[PDB]
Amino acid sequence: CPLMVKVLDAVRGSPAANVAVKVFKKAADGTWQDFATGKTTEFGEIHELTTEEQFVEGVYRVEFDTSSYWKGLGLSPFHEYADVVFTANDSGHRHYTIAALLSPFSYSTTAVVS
């Protein structure tokens, strides 16, 4: 797919499964329209988030909603999560991989553009 995610759990040392990922597109109204959405598989990946034809030039926001991801461990009482906002295909057509690393208090998102 043009837009892929790869989430890692730093506390368990393994891909993060079931972490909800939400994507948005900034409409010309300066407003964030809902775009895609899924939940990581046992490999911290989401398959078929969007299509090459659906993912067009635009500002996107990838939110790693982890509010309760560490609920069973009794770890993050401050309910942390993060966003990444990049400009997708302001020069041809490409592929993006938003690689994230999760910890109760720290978030790490790297975009591998290719």
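Residues carry their position along the shown sequence, with the first being 1.
Remark: stretch with higher mean C-alpha B factor among 29-37 and 62-70 is 29-37. Mean CA B-factor, 78-86 versus 45-53: the higher value falls on 45-53. When the C-alpha B-factors of 97, 14, 106, 91 are ranked from the entry, the top spot goes to 91. Ranked by C-alpha B-factor against the other modelled residues of its chain, residue 7 falls in the lowest third.
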